[PDB]
>>> print(open('query-v9.txt').read())   # compact mmCIF, C-alpha atoms
# COMPACT_ATOMS: atom_id res chain seq x y z
CA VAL A 1 -48.86 53.24 17.05
CA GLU A 2 -50.52 49.79 17.25
CA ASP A 3 -51.30 47.89 20.42
CA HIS A 4 -49.04 44.87 19.86
CA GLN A 5 -50.16 43.12 23.05
CA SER A 6 -53.61 42.24 21.68
CA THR A 7 -54.12 40.23 18.47
CA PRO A 8 -57.36 39.01 16.81
CA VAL A 9 -58.46 35.42 17.48
CA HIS A 10 -57.71 33.02 14.63
CA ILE A 11 -60.98 32.04 12.95
CA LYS A 12 -60.85 29.36 10.27
CA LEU A 13 -63.31 29.47 7.37
CA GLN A 14 -64.46 25.91 6.70
CA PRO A 15 -65.44 25.52 3.96
CA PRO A 16 -63.26 28.17 2.25
CA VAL A 17 -65.00 31.34 1.09
CA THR A 18 -64.75 32.26 -2.57
CA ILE A 19 -65.53 35.88 -3.41
CA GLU A 20 -65.96 37.61 -6.77
CA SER A 21 -64.84 41.23 -7.14
CA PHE A 22 -63.83 43.43 -10.09
CA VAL A 23 -60.82 45.50 -11.07
CA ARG A 24 -62.92 47.14 -13.78
CA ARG A 25 -66.49 46.99 -15.05
CA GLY A 26 -66.80 43.56 -16.64
CA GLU A 27 -63.40 42.41 -15.39
CA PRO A 28 -63.85 39.98 -12.47
CA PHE A 29 -61.25 38.30 -10.31
CA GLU A 30 -61.74 35.57 -7.76
CA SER A 31 -60.31 35.38 -4.25
CA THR A 32 -60.39 32.49 -1.80
CA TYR A 33 -60.36 33.00 1.97
CA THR A 34 -59.39 30.12 4.28
CA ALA A 35 -59.46 32.25 7.44
CA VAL A 36 -60.91 35.54 8.68
CA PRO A 37 -58.41 38.32 7.86
CA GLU A 38 -56.43 39.51 10.88
CA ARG A 39 -54.85 42.69 9.53
CA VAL A 40 -57.08 44.81 7.32
CA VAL A 41 -56.19 47.99 5.46
CA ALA A 42 -59.47 49.74 4.75
CA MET A 43 -59.74 52.71 2.39
CA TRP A 44 -62.68 55.15 2.54
CA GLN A 45 -65.81 55.35 4.70
CA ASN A 46 -67.74 52.34 3.33
CA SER A 47 -64.77 50.03 3.89
CA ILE A 48 -64.20 51.27 7.44
CA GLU A 49 -67.74 51.57 8.81
CA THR A 50 -69.07 48.38 7.17
CA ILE A 51 -66.39 46.23 8.80
CA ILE A 52 -67.07 48.01 12.08
CA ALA A 53 -70.82 47.40 11.68
CA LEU A 54 -70.15 43.68 11.24
CA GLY A 55 -68.36 43.62 14.60
CA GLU A 56 -64.82 43.25 13.33
CA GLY A 57 -63.38 46.73 13.93
CA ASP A 58 -60.53 45.24 15.96
CA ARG A 59 -59.18 43.58 12.81
CA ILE A 60 -58.63 46.94 11.10
CA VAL A 61 -55.00 48.10 11.18
CA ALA A 62 -55.56 51.10 8.92
CA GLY A 63 -58.84 52.91 8.30
CA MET A 64 -57.98 55.90 6.17
CA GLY A 65 -60.03 58.58 4.46
CA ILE A 66 -62.57 59.80 7.01
CA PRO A 67 -61.80 63.45 7.91
CA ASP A 68 -63.11 63.18 11.48
CA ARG A 69 -64.84 60.84 13.97
CA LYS A 70 -68.00 63.01 13.85
CA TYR A 71 -68.67 61.71 10.33
CA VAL A 72 -68.88 58.17 11.70
CA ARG A 73 -72.23 56.92 13.07
CA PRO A 74 -72.34 57.54 16.86
CA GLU A 75 -72.53 53.80 17.69
CA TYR A 76 -69.44 53.08 15.57
CA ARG A 77 -67.28 55.92 16.92
CA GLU A 78 -65.62 54.06 19.80
CA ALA A 79 -64.39 51.29 17.50
CA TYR A 80 -63.31 53.91 14.97
CA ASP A 81 -61.18 55.64 17.60
CA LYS A 82 -59.21 52.43 18.24
CA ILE A 83 -57.97 52.12 14.65
CA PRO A 84 -54.15 52.56 14.77
CA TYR A 85 -53.64 54.26 11.36
CA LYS A 86 -56.12 56.88 10.11
CA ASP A 87 -54.08 59.65 8.45
CA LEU A 88 -54.05 59.78 4.62
CA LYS A 89 -50.29 60.37 4.70
CA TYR A 90 -50.14 56.59 5.29
CA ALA A 91 -52.12 55.87 2.11
CA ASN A 92 -49.08 55.02 0.02
CA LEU A 93 -47.52 51.75 -1.02
CA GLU A 94 -44.47 51.99 1.24
CA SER A 95 -46.49 52.55 4.45
CA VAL A 96 -49.05 49.85 3.59
CA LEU A 97 -46.26 47.33 2.88
CA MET A 98 -44.90 48.02 6.39
CA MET A 99 -48.32 47.26 7.87
CA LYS A 100 -48.40 43.81 6.24
CA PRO A 101 -52.13 43.56 5.59
CA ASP A 102 -53.78 40.24 4.80
CA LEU A 103 -56.82 41.99 3.33
CA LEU A 104 -57.09 45.36 1.61
CA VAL A 105 -60.56 46.80 1.03
CA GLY A 106 -61.06 49.79 -1.24
CA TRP A 107 -62.20 51.25 -4.52
CA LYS A 108 -61.26 50.61 -8.16
CA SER A 109 -58.73 53.47 -8.06
CA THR A 110 -57.11 52.19 -4.86
CA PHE A 111 -55.47 49.16 -6.46
CA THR A 112 -53.27 50.29 -9.33
CA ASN A 113 -49.54 51.01 -9.48
CA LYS A 114 -50.41 54.67 -8.98
CA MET A 115 -51.68 53.74 -5.51
CA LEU A 116 -51.72 50.60 -3.36
CA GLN A 117 -51.03 48.10 -6.19
CA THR A 118 -53.06 45.34 -7.83
CA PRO A 119 -54.78 42.18 -6.47
CA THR A 120 -52.12 40.17 -8.32
CA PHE A 121 -49.38 42.03 -6.45
CA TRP A 122 -50.96 41.37 -3.06
CA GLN A 123 -51.84 37.76 -3.83
CA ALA A 124 -48.12 37.16 -4.28
CA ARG A 125 -47.70 38.54 -0.76
CA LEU A 126 -50.41 36.16 0.53
CA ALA A 127 -52.98 38.93 0.96
CA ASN A 128 -56.40 39.45 -0.57
CA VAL A 129 -58.03 42.50 -2.15
CA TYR A 130 -61.73 43.38 -2.17
CA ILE A 131 -63.03 46.20 -4.36
CA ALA A 132 -66.38 48.01 -4.04
CA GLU A 133 -68.41 47.27 -7.17
CA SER A 134 -70.13 50.67 -6.92
CA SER A 135 -66.74 52.37 -7.35
CA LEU A 136 -66.14 50.94 -10.86
CA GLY A 137 -67.43 53.99 -12.72
CA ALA A 138 -70.47 56.09 -13.59
CA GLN A 139 -71.02 54.45 -17.00
CA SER A 140 -73.06 51.73 -15.27
CA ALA A 141 -76.16 52.42 -13.17
CA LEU A 142 -75.26 52.39 -9.48
CA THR A 143 -77.80 50.52 -7.36
CA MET A 144 -78.87 49.64 -3.82
CA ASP A 145 -78.28 46.01 -4.81
CA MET A 146 -74.54 46.60 -5.25
CA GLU A 147 -74.40 47.91 -1.67
CA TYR A 148 -76.30 44.88 -0.35
CA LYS A 149 -73.89 42.46 -2.06
CA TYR A 150 -70.98 44.53 -0.76
CA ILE A 151 -72.20 44.08 2.80
CA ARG A 152 -72.91 40.40 2.16
CA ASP A 153 -69.42 39.78 0.71
CA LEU A 154 -67.69 41.39 3.67
CA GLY A 155 -69.99 39.34 5.90
CA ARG A 156 -68.73 36.14 4.27
CA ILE A 157 -65.09 37.25 4.48
CA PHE A 158 -65.35 37.99 8.22
CA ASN A 159 -67.63 35.09 9.13
CA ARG A 160 -70.35 37.61 10.07
CA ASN A 161 -73.12 36.30 7.85
CA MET A 162 -75.84 36.59 10.46
CA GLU A 163 -74.89 40.21 11.18
CA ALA A 164 -74.74 41.04 7.47
CA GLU A 165 -78.18 39.56 6.79
CA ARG A 166 -79.79 41.37 9.72
CA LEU A 167 -78.37 44.70 8.52
CA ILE A 168 -79.47 44.09 4.93
CA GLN A 169 -82.93 42.92 5.99
CA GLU A 170 -83.46 46.04 8.13
CA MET A 171 -82.85 48.20 5.07
CA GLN A 172 -84.91 46.06 2.70
CA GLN A 173 -87.87 45.84 5.09
CA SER A 174 -87.76 49.60 5.56
CA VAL A 175 -87.92 50.34 1.83
CA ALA A 176 -90.73 47.81 1.31
CA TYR A 177 -92.70 49.09 4.29
CA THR A 178 -92.54 52.66 2.95
CA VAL A 179 -93.73 51.69 -0.53
CA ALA A 180 -96.54 49.48 0.82
CA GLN A 181 -97.96 52.09 3.22
CA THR A 182 -98.15 54.75 0.48
CA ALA A 183 -99.13 52.80 -2.66
CA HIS A 184 -102.60 54.37 -2.68
CA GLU A 185 -101.12 57.88 -2.81
CA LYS A 186 -99.73 59.95 -5.69
CA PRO A 187 -95.96 59.29 -5.97
CA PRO A 188 -93.90 62.33 -4.90
CA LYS A 189 -91.71 64.08 -7.48
CA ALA A 190 -88.12 64.25 -6.19
CA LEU A 191 -85.00 66.15 -7.22
CA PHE A 192 -81.49 65.18 -6.10
CA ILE A 193 -78.82 67.82 -6.60
CA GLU A 194 -75.43 68.82 -5.21
CA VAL A 195 -74.55 72.50 -5.10
CA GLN A 196 -71.18 73.40 -6.59
CA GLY A 197 -70.65 77.14 -6.70
CA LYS A 198 -73.62 78.61 -8.53
CA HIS A 199 -74.51 75.32 -10.21
CA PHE A 200 -76.81 72.37 -9.55
CA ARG A 201 -74.96 69.11 -10.11
CA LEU A 202 -77.67 66.59 -11.05
CA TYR A 203 -78.03 63.06 -9.67
CA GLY A 204 -80.32 61.06 -11.93
CA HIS A 205 -81.56 57.54 -12.54
CA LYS A 206 -78.12 56.00 -13.02
CA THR A 207 -76.92 57.22 -9.60
CA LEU A 208 -77.49 55.50 -6.26
CA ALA A 209 -79.39 58.53 -4.94
CA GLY A 210 -81.63 58.20 -7.99
CA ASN A 211 -82.04 54.47 -7.38
CA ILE A 212 -82.97 55.12 -3.76
CA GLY A 213 -85.69 57.49 -4.96
CA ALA A 214 -86.90 54.91 -7.51
CA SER A 215 -86.75 52.05 -4.99
CA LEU A 216 -88.96 54.15 -2.72
CA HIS A 217 -91.47 54.53 -5.59
CA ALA A 218 -90.75 58.24 -6.07
CA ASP A 219 -90.91 60.01 -9.41
CA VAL A 220 -87.23 60.91 -9.77
CA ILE A 221 -86.42 63.91 -11.96
CA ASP A 222 -83.65 63.37 -14.52
CA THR A 223 -82.97 65.72 -17.43
CA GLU A 224 -79.94 63.61 -18.41
CA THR A 225 -77.42 66.44 -18.11
CA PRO A 226 -74.40 66.77 -15.82
CA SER A 227 -76.14 69.92 -14.57
CA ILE A 228 -79.75 71.06 -14.18
CA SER A 229 -80.62 74.69 -14.84
CA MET A 230 -82.66 76.67 -12.32
CA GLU A 231 -85.01 77.07 -15.28
CA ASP A 232 -85.40 73.31 -15.75
CA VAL A 233 -85.98 72.97 -12.01
CA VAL A 234 -88.89 75.42 -12.22
CA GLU A 235 -90.40 73.44 -15.11
CA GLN A 236 -89.91 70.03 -13.49
CA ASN A 237 -91.25 71.38 -10.19
CA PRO A 238 -90.24 68.79 -7.56
CA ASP A 239 -92.34 68.23 -4.43
CA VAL A 240 -89.12 67.68 -2.48
CA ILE A 241 -85.47 68.60 -3.10
CA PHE A 242 -82.56 66.63 -1.72
CA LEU A 243 -79.38 68.68 -1.36
CA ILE A 244 -76.42 66.31 -1.57
CA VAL A 245 -73.39 67.49 0.43
CA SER A 246 -69.86 66.12 0.27
CA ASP A 247 -67.68 65.83 3.33
CA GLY A 248 -65.29 68.81 3.00
CA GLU A 249 -68.29 71.00 2.29
CA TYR A 250 -70.05 70.35 5.60
CA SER A 251 -68.65 73.66 6.86
CA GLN A 252 -70.56 75.44 4.08
CA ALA A 253 -73.88 73.74 4.89
CA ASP A 254 -75.86 76.79 6.04
CA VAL A 255 -74.50 78.86 3.16
CA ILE A 256 -75.49 76.14 0.69
CA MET A 257 -79.02 75.87 2.08
CA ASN A 258 -79.47 79.62 2.19
CA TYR A 259 -78.31 79.94 -1.42
CA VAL A 260 -80.94 77.42 -2.52
CA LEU A 261 -83.81 78.78 -0.41
CA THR A 262 -83.29 82.53 -0.76
CA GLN A 263 -83.54 82.53 -4.54
CA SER A 264 -85.76 84.22 -7.11
CA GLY A 265 -86.61 81.78 -9.88
CA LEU A 266 -86.87 78.96 -7.38
CA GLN A 267 -89.40 80.61 -5.04
CA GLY A 268 -92.37 79.30 -7.05
CA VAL A 269 -91.23 75.67 -6.85
CA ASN A 270 -93.41 73.45 -4.64
CA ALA A 271 -90.49 72.07 -2.63
CA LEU A 272 -89.54 75.64 -1.68
CA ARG A 273 -93.11 76.81 -0.96
CA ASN A 274 -93.65 73.85 1.34
CA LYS A 275 -90.18 73.85 2.89
CA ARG A 276 -89.29 70.39 1.62
CA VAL A 277 -85.58 70.88 0.99
CA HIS A 278 -83.35 68.54 2.95
CA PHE A 279 -79.65 67.79 3.32
CA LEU A 280 -78.48 64.38 2.11
CA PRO A 281 -74.88 63.39 2.94
CA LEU A 282 -72.85 62.18 -0.04
CA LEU A 283 -71.26 59.55 2.21
CA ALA A 284 -74.72 57.96 2.44
CA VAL A 285 -75.49 57.93 -1.29
CA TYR A 286 -72.17 57.34 -3.02
CA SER A 287 -70.62 53.89 -2.37
CA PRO A 288 -71.93 54.17 1.20
CA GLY A 289 -71.77 50.55 2.31
CA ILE A 290 -73.54 50.28 5.68
CA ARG A 291 -74.29 54.05 5.61
CA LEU A 292 -76.97 53.36 2.99
CA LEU A 293 -79.25 53.14 6.05
CA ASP A 294 -78.82 56.90 6.64
CA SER A 295 -79.89 57.77 3.09
CA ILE A 296 -82.86 55.37 3.13
CA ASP A 297 -84.09 57.16 6.26
CA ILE A 298 -83.54 60.68 4.94
CA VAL A 299 -85.08 59.96 1.54
CA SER A 300 -88.08 57.97 2.81
CA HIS A 301 -88.76 60.55 5.54
CA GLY A 302 -88.45 63.42 3.05
CA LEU A 303 -90.54 61.70 0.37
CA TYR A 304 -93.34 60.70 2.73
CA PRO A 305 -93.73 63.29 5.58
CA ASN A 306 -97.19 61.98 6.43
CA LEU A 307 -95.91 58.45 7.03
CA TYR A 308 -92.96 59.78 9.03
CA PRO A 309 -94.35 62.73 11.07
CA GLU A 310 -91.26 62.70 13.29
CA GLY A 311 -89.34 64.58 10.61
CA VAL A 312 -86.29 64.21 8.39
CA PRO A 313 -83.01 63.38 10.19
CA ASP A 314 -80.18 65.99 10.23
CA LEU A 315 -76.51 65.17 9.66
CA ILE A 316 -74.14 67.95 10.81
>>> encode(input="query-v9.txt", output="structure tokens")
Amino acid sequence: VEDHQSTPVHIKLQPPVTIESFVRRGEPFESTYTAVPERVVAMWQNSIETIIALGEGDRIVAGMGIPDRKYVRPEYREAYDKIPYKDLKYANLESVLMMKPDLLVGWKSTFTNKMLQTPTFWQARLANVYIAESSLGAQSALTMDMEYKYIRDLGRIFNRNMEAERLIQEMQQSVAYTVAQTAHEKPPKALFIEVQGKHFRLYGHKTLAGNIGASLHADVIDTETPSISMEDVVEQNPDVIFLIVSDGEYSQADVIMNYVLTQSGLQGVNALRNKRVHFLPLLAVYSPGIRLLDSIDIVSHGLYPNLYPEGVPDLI
């Protein structure tokens, strides 16, 4: 399965890197790294693609949870393909023990006795654990800031600080550019929803998608309900609708879009009249790590079509 004839170069971290992460909201733990990890088990898209984006894809032994290479950014696909273990049937404690990771990167739910075990467990095996802060739960507002720190932390762990800062700066400069070029204009009114059956799952101010809208100076709609009625959508009347789509539901994309467009109550809504309804991949707006760049582009391009005449990017 692995290529055992090629092993990552030993890179010492002097001085040692101390990182703060959390097992739960408000429950921090500290980890100290004296060397760049050589054998990483990475759970879910943000873990996998962020480490790849930093240039350290070769250090990943397992990168599990992406359904297919097509979901990975084109420029990261080659590195993705080299990862020895990808199949979720390896995402169990017994298989991960066999792999002998020295760093495990995942979500809050990844590191309990129901799954891959706690930081305390792994620290006794001389490994470290890093947990995405944006995976700690919906009770706290999820922000772009959490994603930046996430990228920055991984940058410190892998001695890729320069690469991390460049990536972060690209995103920050992009947001700030957009807001500055349009400050004299009326802020667009945006709606972020995911379609689940015949219902509109709402993403409001406490979600990252909401925060991306707010960061970009949009007027983000939020009725503070797990769902928004077609009736409330008519009243709120967004200039632009973002349709959030999860990964398994890519195959239903055209059916989703057609359900939203070819409606009755919705036909009067500005976003529909002016054909401003765009797909927004969940993987870019829910603990996305490096893929936050994709959502910034889609949202800024959809919010401000006059600033970005080239159009809103498509993802499958």
>>> closest_residue(input="query-v9.txt", among="A:301, A:69, A:59, A:125", to="residue 45 of chain A", atoms="only C-alpha atoms")
A:69
>>> residues_around(input="query-v9.txt", residues="segment 30-32 of chain A", least_positions_apart="6", cutoff="8 Å", atoms="all atoms listed in the file", output="list in words")
residues 16, 17, 18, 19, 20, 21, 128 and 129 of chain A
>>> write_last_selection(input="query-v9.txt", atoms="C-alpha atoms", output="PDB file, keeping the file's coordinate frame")
ATOM      1  CA  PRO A  16     -63.260  28.170   2.250  1.00  0.00           C
ATOM      2  CA  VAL A  17     -65.000  31.340   1.090  1.00  0.00           C
ATOM      3  CA  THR A  18     -64.750  32.260  -2.570  1.00  0.00           C
ATOM      4  CA  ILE A  19     -65.530  35.880  -3.410  1.00  0.00           C
ATOM      5  CA  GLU A  20     -65.960  37.610  -6.770  1.00  0.00           C
ATOM      6  CA  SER A  21     -64.840  41.230  -7.140  1.00  0.00           C
ATOM      7  CA  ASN A 128     -56.400  39.450  -0.570  1.00  0.00           C
ATOM      8  CA  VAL A 129     -58.030  42.500  -2.150  1.00  0.00           C
TER       9      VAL A 129
END
>>> residues_around(input="query-v9.txt", residues="segment 170-178 of chain A", least_positions_apart="2", cutoff="7 Å", atoms="only C-alpha atoms", output="list in words")
residues 166, 167, 168, 180, 181, 182, 216, 293 and 300 of chain A
>>> residues_around(input="query-v9.txt", residues="residue 289 of chain A", least_positions_apart="2", cutoff="7 Å", atoms="all atoms listed in the file", output="PyMOL selection string")
chain A and resi 46+50+147+150-151+287+291-292
>>> write_last_selection(input="query-v9.txt", atoms="C-alpha atoms", output="PDB file, keeping the file's coordinate frame")
ATOM      1  CA  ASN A  46     -67.740  52.340   3.330  1.00  0.00           C
ATOM      2  CA  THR A  50     -69.070  48.380   7.170  1.00  0.00           C
ATOM      3  CA  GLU A 147     -74.400  47.910  -1.670  1.00  0.00           C
ATOM      4  CA  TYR A 150     -70.980  44.530  -0.760  1.00  0.00           C
ATOM      5  CA  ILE A 151     -72.200  44.080   2.800  1.00  0.00           C
ATOM      6  CA  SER A 287     -70.620  53.890  -2.370  1.00  0.00           C
ATOM      7  CA  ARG A 291     -74.290  54.050   5.610  1.00  0.00           C
ATOM      8  CA  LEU A 292     -76.970  53.360   2.990  1.00  0.00           C
TER       9      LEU A 292
END
>>> atom_distance(input="query-v9.txt", atom1="atom CA of residue 36 of chain A", atom2="atom CA of residue 158 of chain A")
5.1 Å
>>> closest_residue(input="query-v9.txt", among="A:62, A:131, A:146, A:202", to="residue 28 of chain A", atoms="all atoms listed in the file")
A:131
>>> closest_residue(input="query-v9.txt", among="A:286, A:279, A:90, A:148", to="residue 207 of chain A", atoms="all atoms listed in the file")
A:286
>>> residues_around(input="query-v9.txt", residues="residue 312 of chain A", least_positions_apart="3", cutoff="12 Å", atoms="only C-alpha atoms", output="mmCIF file with C-alpha atoms, in the coordinates of the input")
data_model
loop_
_atom_site.group_PDB
_atom_site.id
_atom_site.type_symbol
_atom_site.label_atom_id
_atom_site.label_comp_id
_atom_site.auth_asym_id
_atom_site.auth_seq_id
_atom_site.Cartn_x
_atom_site.Cartn_y
_atom_site.Cartn_z
ATOM 1 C CA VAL A 240 -89.120 67.680 -2.480
ATOM 2 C CA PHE A 242 -82.560 66.630 -1.720
ATOM 3 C CA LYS A 275 -90.180 73.850 2.890
ATOM 4 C CA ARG A 276 -89.290 70.390 1.620
ATOM 5 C CA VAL A 277 -85.580 70.880 0.990
ATOM 6 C CA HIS A 278 -83.350 68.540 2.950
ATOM 7 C CA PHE A 279 -79.650 67.790 3.320
ATOM 8 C CA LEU A 280 -78.480 64.380 2.110
ATOM 9 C CA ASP A 294 -78.820 56.900 6.640
ATOM 10 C CA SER A 295 -79.890 57.770 3.090
ATOM 11 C CA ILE A 296 -82.860 55.370 3.130
ATOM 12 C CA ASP A 297 -84.090 57.160 6.260
ATOM 13 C CA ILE A 298 -83.540 60.680 4.940
ATOM 14 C CA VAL A 299 -85.080 59.960 1.540
ATOM 15 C CA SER A 300 -88.080 57.970 2.810
ATOM 16 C CA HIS A 301 -88.760 60.550 5.540
ATOM 17 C CA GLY A 302 -88.450 63.420 3.050
ATOM 18 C CA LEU A 303 -90.540 61.700 0.370
ATOM 19 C CA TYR A 304 -93.340 60.700 2.730
ATOM 20 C CA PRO A 305 -93.730 63.290 5.580
ATOM 21 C CA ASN A 306 -97.190 61.980 6.430
ATOM 22 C CA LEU A 307 -95.910 58.450 7.030
ATOM 23 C CA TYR A 308 -92.960 59.780 9.030
ATOM 24 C CA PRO A 309 -94.350 62.730 11.070
ATOM 25 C CA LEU A 315 -76.510 65.170 9.660
#
>>> atom_distance(input="query-v9.txt", atom1="atom CA of residue 243 of chain A", atom2="atom CA of residue 43 of chain A")
25.6 Å
>>> residues_around(input="query-v9.txt", residues="residue 138 of chain A", least_positions_apart="2", cutoff="8 Å", atoms="all atoms listed in the file", output="PDB file with C-alpha atoms, keeping the file's coordinate frame")
ATOM      1  CA  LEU A 136     -66.140  50.940 -10.860  1.00  0.00           C
ATOM      2  CA  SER A 140     -73.060  51.730 -15.270  1.00  0.00           C
ATOM      3  CA  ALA A 141     -76.160  52.420 -13.170  1.00  0.00           C
ATOM      4  CA  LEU A 142     -75.260  52.390  -9.480  1.00  0.00           C
ATOM      5  CA  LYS A 206     -78.120  56.000 -13.020  1.00  0.00           C
ATOM      6  CA  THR A 207     -76.920  57.220  -9.600  1.00  0.00           C
TER       7      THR A 207
END
>>> closest_residue(input="query-v9.txt", among="A:143, A:250, A:261, A:77", to="residue 213 of chain A", atoms="only C-alpha atoms")
A:143
>>> atom_distance(input="query-v9.txt", atom1="atom CA of residue 135 of chain A", atom2="atom CA of residue 107 of chain A")
5.5 Å
>>> closest_residue(input="query-v9.txt", among="A:75, A:153, A:219, A:68", to="residue 55 of chain A", atoms="all atoms listed in the file")
A:75
>>> closest_atom_pairs(input="query-v9.txt", of="segment 260-283 of chain A", to="segment 224-230 of chain A", cutoff="12 Å", atoms="all atoms listed in the file", output="tab-separated table")
residue	atom	partner	partner_atom	distance
A:260	CA	A:230	CA	10.0
A:263	CA	A:230	CA	9.8
A:264	CA	A:230	CA	9.7
A:265	CA	A:230	CA	6.9
A:266	CA	A:230	CA	6.9
A:267	CA	A:230	CA	10.7
A:268	CA	A:230	CA	11.4
A:269	CA	A:230	CA	10.2
>>> closest_residue(input="query-v9.txt", among="A:132, A:105, A:208, A:218", to="residue 190 of chain A", atoms="all atoms listed in the file")
A:218
>>> build_atoms(input="query-v9.txt", residues="segment 276-294 of chain A", atoms="N, CA and C atoms", output="PDB file, in the coordinates of the input")
ATOM      1  N   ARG A 276     -89.717  71.778   1.738  1.00  0.00           N
ATOM      2  CA  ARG A 276     -89.290  70.390   1.620  1.00  0.00           C
ATOM      3  C   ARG A 276     -87.950  70.324   0.880  1.00  0.00           C
ATOM      4  N   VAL A 277     -86.931  70.889   1.516  1.00  0.00           N
ATOM      5  CA  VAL A 277     -85.580  70.880   0.990  1.00  0.00           C
ATOM      6  C   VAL A 277     -84.697  70.361   2.104  1.00  0.00           C
ATOM      7  N   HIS A 278     -84.088  69.201   1.885  1.00  0.00           N
ATOM      8  CA  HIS A 278     -83.350  68.540   2.950  1.00  0.00           C
ATOM      9  C   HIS A 278     -81.934  68.171   2.544  1.00  0.00           C
ATOM     10  N   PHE A 279     -81.030  68.209   3.520  1.00  0.00           N
ATOM     11  CA  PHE A 279     -79.650  67.790   3.320  1.00  0.00           C
ATOM     12  C   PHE A 279     -79.567  66.270   3.194  1.00  0.00           C
ATOM     13  N   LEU A 280     -78.718  65.802   2.286  1.00  0.00           N
ATOM     14  CA  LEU A 280     -78.480  64.380   2.110  1.00  0.00           C
ATOM     15  C   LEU A 280     -76.970  64.158   1.967  1.00  0.00           C
ATOM     16  N   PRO A 281     -76.340  63.553   2.985  1.00  0.00           N
ATOM     17  CA  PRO A 281     -74.880  63.390   2.940  1.00  0.00           C
ATOM     18  C   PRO A 281     -74.435  62.471   1.803  1.00  0.00           C
ATOM     19  N   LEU A 282     -73.445  62.940   1.045  1.00  0.00           N
ATOM     20  CA  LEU A 282     -72.850  62.180  -0.040  1.00  0.00           C
ATOM     21  C   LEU A 282     -72.356  60.819   0.449  1.00  0.00           C
ATOM     22  N   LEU A 283     -71.779  60.795   1.648  1.00  0.00           N
ATOM     23  CA  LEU A 283     -71.260  59.550   2.210  1.00  0.00           C
ATOM     24  C   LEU A 283     -72.345  58.483   2.409  1.00  0.00           C
ATOM     25  N   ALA A 284     -73.607  58.888   2.302  1.00  0.00           N
ATOM     26  CA  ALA A 284     -74.720  57.960   2.440  1.00  0.00           C
ATOM     27  C   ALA A 284     -75.312  57.550   1.100  1.00  0.00           C
ATOM     28  N   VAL A 285     -74.897  58.208   0.020  1.00  0.00           N
ATOM     29  CA  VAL A 285     -75.490  57.930  -1.290  1.00  0.00           C
ATOM     30  C   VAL A 285     -74.474  57.715  -2.397  1.00  0.00           C
ATOM     31  N   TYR A 286     -73.201  57.652  -2.037  1.00  0.00           N
ATOM     32  CA  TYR A 286     -72.170  57.340  -3.020  1.00  0.00           C
ATOM     33  C   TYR A 286     -71.233  56.291  -2.420  1.00  0.00           C
ATOM     34  N   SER A 287     -71.281  55.067  -2.958  1.00  0.00           N
ATOM     35  CA  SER A 287     -70.620  53.890  -2.370  1.00  0.00           C
ATOM     36  C   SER A 287     -70.661  53.869  -0.843  1.00  0.00           C
ATOM     37  N   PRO A 288     -71.856  53.917  -0.251  1.00  0.00           N
ATOM     38  CA  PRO A 288     -71.930  54.170   1.200  1.00  0.00           C
ATOM     39  C   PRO A 288     -71.697  52.944   2.065  1.00  0.00           C
ATOM     40  N   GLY A 289     -71.804  51.747   1.498  1.00  0.00           N
ATOM     41  CA  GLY A 289     -71.770  50.550   2.310  1.00  0.00           C
ATOM     42  C   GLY A 289     -72.881  50.617   3.353  1.00  0.00           C
ATOM     43  N   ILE A 290     -72.556  50.275   4.594  1.00  0.00           N
ATOM     44  CA  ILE A 290     -73.540  50.280   5.680  1.00  0.00           C
ATOM     45  C   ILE A 290     -74.280  51.616   5.863  1.00  0.00           C
ATOM     46  N   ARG A 291     -73.681  52.726   5.422  1.00  0.00           N
ATOM     47  CA  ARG A 291     -74.290  54.050   5.610  1.00  0.00           C
ATOM     48  C   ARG A 291     -75.475  54.305   4.658  1.00  0.00           C
ATOM     49  N   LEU A 292     -75.755  53.335   3.799  1.00  0.00           N
ATOM     50  CA  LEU A 292     -76.970  53.360   2.990  1.00  0.00           C
ATOM     51  C   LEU A 292     -78.227  53.498   3.873  1.00  0.00           C
ATOM     52  N   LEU A 293     -78.147  53.005   5.108  1.00  0.00           N
ATOM     53  CA  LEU A 293     -79.250  53.140   6.050  1.00  0.00           C
ATOM     54  C   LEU A 293     -79.617  54.607   6.309  1.00  0.00           C
ATOM     55  N   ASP A 294     -78.604  55.467   6.408  1.00  0.00           N
ATOM     56  CA  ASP A 294     -78.820  56.900   6.640  1.00  0.00           C
ATOM     57  C   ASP A 294     -79.598  57.538   5.478  1.00  0.00           C
TER      58      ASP A 294
END
